[PDB]
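Chains as they are written, first to last, in PDB author numbering: chain CK, 1 to 297; chain CJ, 62 to 180; chain UA, 453 to 565; chain CL, 639 to 727, 777 to 785. Built from N, CA and C at the ideal position, the CB exists for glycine as well. Reading through the structure tokens given below for one structure.
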RNA sequence: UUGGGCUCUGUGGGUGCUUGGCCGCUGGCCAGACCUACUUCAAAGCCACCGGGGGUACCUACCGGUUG
RNA sequence: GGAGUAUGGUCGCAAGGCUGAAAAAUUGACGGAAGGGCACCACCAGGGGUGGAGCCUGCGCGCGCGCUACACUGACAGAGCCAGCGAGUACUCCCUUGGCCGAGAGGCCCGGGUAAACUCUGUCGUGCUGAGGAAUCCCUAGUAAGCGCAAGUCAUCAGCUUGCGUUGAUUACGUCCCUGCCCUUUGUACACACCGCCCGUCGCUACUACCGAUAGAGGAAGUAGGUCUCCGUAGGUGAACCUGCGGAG
């Protein structure tokens, strides 16, 4: 098995580099079709490209479906999207404290088909191989500083990304007494993304969005009383998760229930959790000159 | 290619051929009819015969050792044995190739890495 | 899958590789799968809290079968051995070889004895 | 990977098993076998709204009951259950001052 | 046990249930032998495996014509 | 000169205040009772923190999250025995009395302030030499606790954080009775099989009729059976032959 996952990993990378070359070519290909459509002149080189014309007549239509939005692009994710209710586990670092294990409990309760594990004295690549041995679709290590959370690692198997991200401004459930708070409403919530506009933005949106069970596509707007909201300004992914009650069609009444994160994500390593041979897809670049000022996301 | 580009059944046949070949082991992509047009290759079928795939997967060194080895039969494929050195190997099976129940090739490996355990 | 609903009950998992053999216990409760994970997996299913259990093997699995007296379960492994395990006390009551006991060969196109 | 799972029908007849069978002189089946018609009573008839008569309606039990004999109470109750199924799926100064 | 070993080669058997060697065989031969006769009437069709896209000046074939 | 691709200049429109902050709907609104599934935010069995004293980051003198002290779980002495992370010409506990050699800036010299564990053997015998309530929160197989040794991964973390190895248990592993949460009472594939039209208040839509002001918008309520052959004929295209009619086998 481990063979066939590793062989699929390297295969996926090989198709990616091929996609780079053929994408640079297809940049020249796409210029033809609309030029045929509008009759406007083109650059006579691209005109007098022979292999372009032959391969064109063979392979227009996949670009047509790309324009249509029909097809599902290659990535880590889009193999089985709205099929497997994505199992998600959580486990902290080596020796958790009380508040930490309660907050990991809560975030198990925030993502709705999440199971929790306790880690004990157990080895990191064997945790990875064991989750791979149960065919998961997530893993989330959450670390602590002194009875407060630090860093979430939204990693997504079989070989996708690890978003390692520091959390800031977190306060838990278990400070507010059990009379005032209630036991959590575990339903398959909705998901709302506010402000993501760069292709890296939508990449992070994808790896968040596949942490959620596929909402049943019949009456998505009306049913469901539970929503989760990610929103970003100054690269800062901030989440608030609210159970609403809807007193009217002109007024809806919220109830803050899930915790308050504002995570800043500092790496998307295109390689799974431990794999220190990492393909660094992006990072928070401090320390450079205008990387403090300018904005990704 | 002859079919008009707006045809739904044409796109379905496109994805059909490309998915079946990408899971076959000939091709490399899953996106280009052009790649079908002048990439599909009798050398690609040759590259998917079971001698050369155990060479690339680094069982033997070159295709002489591989082919002689298979003639005297040392390579199981999942569960069966192998006699007939053109067992085509799909991308799904190129992991479950391995050596047979107990052969001296297995014991060459294990005698070298000093995990030789006669049991 | 479940024969009345017909929709997918559940993926089970715990297998390093494909599941080569499948057998059910005639009581209706216990499953066994056998696979090239080098595992024999007893699947405790129809209580509420499902579990697995490994019988680790020195070898790989080719077939599994049962006793109607459902305490006993046997495994055929490709090195030749057959093994009877007590199913509750998931432990080897016996094992035996079968290599020479089925060694009948010289198929054509072979340069072996 | 095998194929795309395509939708496909197969039109049955009402013949017996031993009529569907292949060619033998005498079936393995006995005499209690050899008469069932490949289709259940549900198949040979389903009580339903589209096959109902005019003045009456059928229930989920399969009982045709008349709107005429039905009272307002179970009328409203039946309508409530069906709605729940759907849910789960220049003037004058005289006019002005007077 | 009054020399023995490895290694290679050669022969025969058997590695499948025991009915002749040959011929122009209801018969003959194994040393063989005989050698060239006799004659009423061609044939019913079909099938027939070349790697793909592409060109057809000339050749082949098919179809449809044309002079004689 | 043609074609794009930009960069900012120029002009037109958007750029005229019945105004003065605080629905739709045949599908709609809220419930309840029966039936299942689930859960260490539930029961049952157990464990273990924090909460007592102190240190102290963080959060708003208070607070928890860690760390440390607390006596048989003793000490001291000998003896005996096993690991995983580990390698950037690279890592240092200060700051000072003297003296050396330095016309001066210093360098010397001397002082002052490759585990833990375990097992075995003996020598002593409880001794200001006391293991954290109410509360709450967590946890079911390499799970809990105890122990160390390392690395310091741009982000956070040395008042620590993170790895990794070592010794490894009790107690459940049933159940929906408490609290719950989810979802069934629609739709979603057919067999042998079983079941057998939940309920509420209203709303909305159609219709009926009313009421009264001055055609009218409202208020309120209710209903939704003569073939074959032969013969005799008449006509046809004549020998024949066909058709129509009438008799026989």
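Endpoints, the alpha helix (DSSP H) within which residue i is located
i	result
residue 544 of chain UA	First-last for residue 544 of chain UA: 543-548, but that is the beta strand (DSSP E), not the alpha helix (DSSP H).
residue 105 of chain CJ	103-109
residue 170 of chain CJ	165-174
residue 136 of chain CJ	Element bounds for residue 136 of chain CJ: not the alpha helix (DSSP H) but the beta strand (DSSP E), 136-138.
residue 109 of chain CK	98-110
residue 508 of chain UA	Unbroken run through residue 508 of chain UA is the beta strand (DSSP E), 506-508; no alpha helix (DSSP H).
residue 186 of chain CK	Premise fails: residue 186 of chain CK is in no alpha helix (DSSP H) and is neither H nor E.
residue 242 of chain CK	That residue, residue 242 of chain CK, is in no alpha helix (DSSP H); its beta strand (DSSP E) goes 236-243.
residue 205 of chain CK	199-209
Assumed close pair residue i, residue j - CB separation to whole angstroms, cut-off 8 angstroms
i	j	result
residue 149 of chain CJ	residue 110 of chain CJ	6 angstroms
residue 95 of chain CJ	residue 58 of chain CK	5 angstroms
residue 116 of chain CJ	residue 107 of chain CJ	Between residue 107 of chain CJ and residue 116 of chain CJ the Cβ distance is about 12 angstroms, and since that is not below 8 angstroms, they are no contact.
residue 542 of chain UA	residue 507 of chain UA	6 angstroms
residue 88 of chain CK	residue 137 of chain CK	7 angstroms
residue 137 of chain CJ	residue 161 of chain CJ	5 angstroms
residue 375 of chain CK	residue 261 of chain CK	Nothing in the structure corresponds to residue 375 of chain CK, since chain CK is present only between 1 and 297.
residue 185 of chain CK	residue 226 of chain CK	6 angstroms
residue 195 of chain CK	residue 231 of chain CK	6 angstroms
residue 92 of chain CK	residue 142 of chain CK	5 angstroms
Beta-carbon proximity check, residue i vs residue j, cutoff 8 angstroms
i	j	result
residue 99 of chain CK	residue 174 of chain CK	yes
residue 464 of chain UA	residue 488 of chain UA	no
residue 228 of chain CK	residue 163 of chain CK	no
residue 244 of chain CK	residue 251 of chain CK	no
residue 139 of chain CK	residue 263 of chain CK	no
residue 548 of chain UA	residue 524 of chain UA	no
residue 259 of chain CK	residue 187 of chain CK	no
residue 101 of chain CJ	residue 87 of chain CJ	yes
residue 639 of chain CL	residue 84 of chain CJ	yes
residue 76 of chain CK	residue 160 of chain CK	yes
residue 92 of chain CJ	residue 146 of chain CK	no
residue 484 of chain UA	residue 516 of chain UA	yes
residue 540 of chain UA	residue 477 of chain UA	no
residue 189 of chain CK	residue 224 of chain CK	yes
Enclosing beta strand (DSSP E) for residue i [first to last residue]
i	result
residue 675 of chain CL	Run containing residue 675 of chain CL: none; DSSP gives neither H nor E here.
residue 190 of chain CK	190-194
residue 230 of chain CK	226-233
residue 492 of chain UA	491-496
residue 159 of chain CJ	158-160
residue 486 of chain UA	482-487
residue 513 of chain UA	513-518
Rounded straight-line distance, which links the Cα of residue j to that of residue i
i	j	result
residue 105 of chain CJ	residue 97 of chain CJ	12 angstroms
residue 655 of chain CL	residue 674 of chain CL	7 angstroms
residue 73 of chain CK	residue 35 of chain CK	25 angstroms
residue 461 of chain UA	residue 139 of chain CJ	29 angstroms
residue 29 of chain CK	residue 155 of chain CJ	35 angstroms
residue 120 of chain CJ	residue 470 of chain UA	22 angstroms
residue 131 of chain CJ	residue 147 of chain CJ	10 angstroms
residue 670 of chain CL	residue 676 of chain CL	14 angstroms
residue 504 of chain UA	residue 493 of chain UA	7 angstroms
residue 19 of chain CK	residue 158 of chain CJ	29 angstroms
residue 707 of chain CL	residue 685 of chain CL	20 angstroms
residue 133 of chain CK	residue 467 of chain UA	6 angstroms
residue 667 of chain CL	residue 658 of chain CL	13 angstroms
residue 300 of chain CK	residue 12 of chain CK	Residue coverage of chain CK in this structure runs from 1 to 297, which leaves residue 300 of chain CK outside it and unanswerable.
Beta bridge counterpart(s) of residue i as assigned by DSSP
i	result
residue 283 of chain CK	CK:267
residue 524 of chain UA	UA:538
residue 703 of chain CL	CL:695
residue 167 of chain CK	CK:263
residue 151 of chain CK	CK:166
residue 116 of chain CK	CK:90
residue 142 of chain CK	CK:92, CK:152
residue 252 of chain CK	Answer is none; residue 252 of chain CK lacks a bridge partner.
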